[PDB]
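J.:
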Amino acid sequence: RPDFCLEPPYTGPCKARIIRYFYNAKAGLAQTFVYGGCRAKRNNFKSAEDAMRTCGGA
């Protein structure tokens, strides 16, 4: 899987509260995080299926 799948979730410097999904490689599951609204990194998806299709397995 892509090396960005191993990156921690990045809230970023903006102050919105956008609920997003990140792949948590330690758990092997897509989990939600609060995205600030600007300067999104790659481990930042709008849906669990996208997260999982991109970075999982089982």
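Take the sequence shown: its position 32, counted from the start at 1, is 32 in the deposited numbering, and no numbers get skipped. Virtual Cβ for every residue (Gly too), placed ideally from N, Cα, C.
With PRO8 and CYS38 assumed to form a contact (beta carbons below 8 angstroms), what rounded beta-carbon distance in angstroms separates them?
T.: Not a contact, Cβ separation roughly 17 angstroms.
J.: On the DSSP bridge assignment, give the partners of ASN24 in chain order.
T.: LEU29, per the DSSP bridge assignment.
J.: Going by the C-beta, is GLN31 closer than 7 angstroms to any heavy atom of the ligand ATP?
T.: By its list of ligands, the structure shown contains no ligand whatsoever, and the ligand ATP lies outside what it can speak to.
J.: Just tell me which of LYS15, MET52 and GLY57 has its CA closest to the CA of residue 63.
T.: Shown here, the chain extends from 1 to 58; a query on residue 63 therefore has no answer.
J.: Need the endpoints of the alpha helix (DSSP H) that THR11 sits in, please.
T.: Per DSSP, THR11 belongs to no alpha helix (DSSP H) and is neither H nor E.
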